[PDB]
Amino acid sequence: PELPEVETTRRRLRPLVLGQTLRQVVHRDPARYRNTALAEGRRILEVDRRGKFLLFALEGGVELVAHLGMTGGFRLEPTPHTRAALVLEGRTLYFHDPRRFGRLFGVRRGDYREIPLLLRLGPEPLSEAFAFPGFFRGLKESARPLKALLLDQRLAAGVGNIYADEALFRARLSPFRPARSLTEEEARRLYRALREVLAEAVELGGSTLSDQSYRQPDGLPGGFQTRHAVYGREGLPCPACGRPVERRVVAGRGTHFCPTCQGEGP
């Protein structure tokens, strides 16, 4: 679940939760679900998103921050691996998290000292805060692989494997070359590709694949998967040159790409 999936969740949850009192946050894991008691007995005023985090604005200056990791998603009905429940006046949201990567943080509005990942997040890719000047600066400030850097979310929040892979293919750039090795012309292509890929994905309700671990609360599948050029298409023809898409796993991280179009491969 990346920015497009989480943004879709935010948009779909608003109609179902705005105005409702969050009666209780039921769970049995104070290590992963921190200070949730702070959020109880408060009316939900809004649902915001920062990166991949979901932030429920609660009456009285409090926020319930949700980290939807890599499985953790909210459902309208309980599941065998539901680890927490947000009990509202009219309905209940169940936190489906098979691999316990999810997190919840009851905090005073804006106080993210205990949420390091949220604290260092770069600007919102689809906002005016994500400007090319700063983007270019950040790239030249790093010698690490271009892909890896994008995943750190310091240059752009919410970017994961799917969209980094699709943006790199769109911009025709190797995911493995040094970030600072990019020319202004190239960096500009990636800047645009990243923004266009993310925007399109949001418009199509995100991507929905096989395992489909992550599901939207209404169960409506996304449609950006129909635009995937490389992600999840290993062995299939590159949509540009027909060459079989390659999937290389480096440092435990899998990356889809076309060796020909992205200047890599054997």
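Residue indices: 1-based, along the sequence shown.
Comparing 84-92 with 118-126, the higher mean C-alpha B-factor in the PDB entry belongs to 118-126. Stretches 137-145 and 155-163 differ in mean CA B factor, with 137-145 having the higher one. Between the residues 103, 108, 177, 75, the entry's highest C-alpha temperature factor is the one at 177.
Per the deposited coordinates, the residue with the largest Cα temperature factor out of 207, 212, 35, 216 is 212.
In the deposited entry, the Cα temperature factor of residue 256 sits in the middle third of values across the chain's modelled residues. When the modelled residues of the chain are ordered by C-alpha B-factor, residue 7 sits in the lowest third. The entry lists a Cα temperature factor for residue 69 that places it in the highest third of the chain's modelled residues.
Residue 239 sits in the highest third of its chain by CA B factor, as recorded in the PDB entry.
Looking at the C-alpha B-factors along this chain, the one for residue 17 belongs to the lowest third.
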